[PDB]
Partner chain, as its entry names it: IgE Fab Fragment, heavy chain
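First, one chain by itself: the form deposited without its partner chain, in structure tokens.
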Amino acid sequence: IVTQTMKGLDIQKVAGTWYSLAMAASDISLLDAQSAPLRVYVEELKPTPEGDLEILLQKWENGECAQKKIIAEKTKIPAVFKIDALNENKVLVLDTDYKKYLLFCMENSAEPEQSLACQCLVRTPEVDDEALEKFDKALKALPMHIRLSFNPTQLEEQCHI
């Protein structure tokens, strides 16, 4: 689905702290409740030396904010990782400048029109208008039906409460 990938991605340089400033999905149900399936809040990226990606994040489940750890495995495409879970879940890095913003989408492997969610990550708990502008331009193709964004207070709280 996603026709935008970052050329020349250096996965080591995305290490460190990130904030999920905005999210969007193809289906309202993927993001509507606090416990919605792709309502996830990125905490940090931890690239391994072989070039896989450990992801720390928070997710609300059963009435509280839970910390999760995910391994995205590398593929032959530098910008595309596989989540390793039951669903053939692919993560694509659309664009990043390493020091300010990273845009990524995650999609299901097939069925036929399928689930897709994308986030605008930023390095600091600040509304970055230019990064949100790149996020919205990246998505104006994609068939999104829900979009969320968060204010700096929420960005400093667990599960953006």
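Whichever C-alpha set is largest while still superposing within 1.5 Å between the two forms counts as the rigid core. Shifts are known only where both forms have a C-alpha. Numbering follows the first chain given and starts at 1.
Heads up, the form deposited with its partner chain bound isn't pictured, but that's what we're talking about next.
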Problem - in the bound PDB entry, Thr124 touching its partner chain (heavy atom, 4.5 Å) - result: yes
Exercise for the section: Using a 4.5 Å heavy atom cut-off, state whether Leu102 contacts its partner chain in the bound PDB entry. Expected result: no
Problem - Non-hydrogen atom contact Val93 with its partner chain in the bound PDB entry at 4.5 angstroms - result: no
Problem - Exercise: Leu155 in contact with its partner chain in the bound PDB entry, heavy atom 4.5 Å - result: yes
Fill in the blank from the handout: Across 4-24, the residues having a non-hydrogen atom within 4.5 Å of its partner chain in the bound PDB entry turn out to be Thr17, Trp18, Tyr19
Fill in the blank from the handout: Across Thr48, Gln114, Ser29, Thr124, the single C-alpha shifting 2 angstroms or more between the shown form and the other one with the core held fixed is at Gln114
Practice task
Rigid core superposed, please list the runs of 3+ consecutive shared residues whose C-alphas all move by 2 Å or more between the shown form and the other one.
Solution key: 110-114
